[PDB]
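Asks: just dropping in an experimental structure and the matching sequence.
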Amino acid sequence: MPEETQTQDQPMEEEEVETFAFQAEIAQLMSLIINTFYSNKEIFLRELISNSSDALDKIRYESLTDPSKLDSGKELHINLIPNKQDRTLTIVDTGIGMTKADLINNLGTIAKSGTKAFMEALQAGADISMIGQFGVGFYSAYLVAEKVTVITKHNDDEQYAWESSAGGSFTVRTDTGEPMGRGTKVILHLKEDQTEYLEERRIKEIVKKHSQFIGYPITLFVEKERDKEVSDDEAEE
């Protein structure tokens, strides 16, 4: 064998990771949306739930091609759990699945010079409340969220932690923490300085009414109730 290796592991000291930034046209979109200000528009709650269901809708069709994940049913469902300690609304599911090629192929910021056509329509026709529906701007969430982090766990593939928030600069780096096998963890970072957004009661009914009794299992986390379980919460200061 070679002469050991030790517990040392460092790819690059300088810069360390791979980052990119489209500071031009995409930065114009970003500046046009930030000047809209955080006026709170929960319309996105409907837009994103449609997108989430859309990804399960695709794998639903793919289940006819490959029924391997339909063999048992270990996952493949809508899990919506808010981590009060992490201030992140965690949406975890398997979805139809994505590969590393989909990421670099620009899963986001898919405007790329075609932004002018949409800009024209946005100038005289439609407003920003439709950009997510076209799948070219899921950054509509920035109106009520500040950071979006996507970590992918590996299984017969590689794993990466990709993120973005604003500006138009994103980063890709490999992960080294295994809390799951192979899953897409969508953690939405709440800007605590604006909204708690951790009202389990509203979130419970809001998804219930919007589901309209859909034929799929949903796992929603809640906050501590009172009976057998007990934990303190700081509401009064």
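Replies: Nice, thanks for sending it over. Residues are numbered from 1 along each chain as shown.

Asks: sketch out the helices for the chain, chain order is fine.
Replies: Per DSSP state H, the chain carries helices over the ranges 25-34, 44-62, 100-104, 115-123, 200-211.

Asks: identify the residue nearest the residue nearest the centre of the chain in space, chain neighbours excluded?
Replies: Centroid-nearest residue in the chain: residue 186, 3.7 Å away (criterion: C-alpha atoms, centre = their mean). Closest residue to residue 186 apart from its sequence neighbours, by C-beta to C-beta, 6 or more residues apart in numbering: residue 91 at 4.2 Å. Just so you know, the C-beta spots here come from the backbone N, C-alpha and C atoms, and that holds for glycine as well.

Asks: list the contacts of the closest residue to residue 75 other than its chain neighbours.
Replies: The shortest distance from residue 75 to any non-neighbouring residue, by C-beta to C-beta, 6+ apart, is to residue 94 (5.1 Å). By C-beta atoms under 8 Å, 6 or more residues apart in numbering, the contact set of residue 94 is 59, 69, 75, 76, 182, 183, 184.

Asks: picking up where we left off before, the residue nearest to residue 186: how many residues sit nearby?
Replies: Burial measure for residue 91: 18 neighbouring residues, criterion other C-beta atoms under 10 Å.

Asks: now it: how far from residue 10?
Replies: In this view, residue 91 and residue 10 are 32 Å apart by C-beta to C-beta, to the nearest Å.

Asks: before we move on, back to that, the residue nearest to the centre of the chain touches residue 145, doesn't it?
Replies: No. The pair residue 186 / residue 145 is not scored as a contact, 11.3 Å apart, by C-beta atoms under 8 Å.

Asks: which one, of the helices of the chain, ends up nearest to residue 4?
Replies: helix 100-104 (30.9 Å; C-beta to C-beta).

Asks: check which helices and strands the closest one is in contact with.
Replies: On a contact count with 3 or more C-beta pairs under 8 Å, 6 or more residues apart in numbering; DSSP states H and E, helix 100-104 meets strand 160-164.

Asks: partners of the strand it packs on, with directions?
Replies: Strand pairing for strand 160-164, using DSSP bridges, gives strand 147-152 (antiparallel), strand 169-174 (antiparallel).

Asks: how about those in a markdown table, adding mean neighbour count and distance to residue 100?
Replies: Listed next are the strands paired with strand 160-164 as a markdown table, based on neighbours: other C-beta atoms under 10 Å; distance: least, C-beta to C-beta, whole Å:
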| stretch | mean neighbour count | distance to residue 100 |
| --- | --- | --- |
| strand 147-152 | 18 | 9 |
| strand 169-174 | 15 | 9 |
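
Asks: export the ones you listed as TSV, with columns for distance to residue 116.
Replies: Formatted as TSV, the strands paired with strand 160-164 follow (distance: least, C-beta to C-beta, whole Å):
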stretch	distance to residue 116
strand 147-152	26
strand 169-174	22
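
Asks: can you say which of those strands is nearest to residue 119?
Replies: strand 169-174 (21.3 Å).

Asks: quick one: the closest one to helix 25-34, angle?
Replies: Our comparison of strand 169-174 with helix 25-34, counting by axes from the mean of the first three to the mean of the last three C-alpha atoms, to 10 degrees, yields an angle of 110 degrees.
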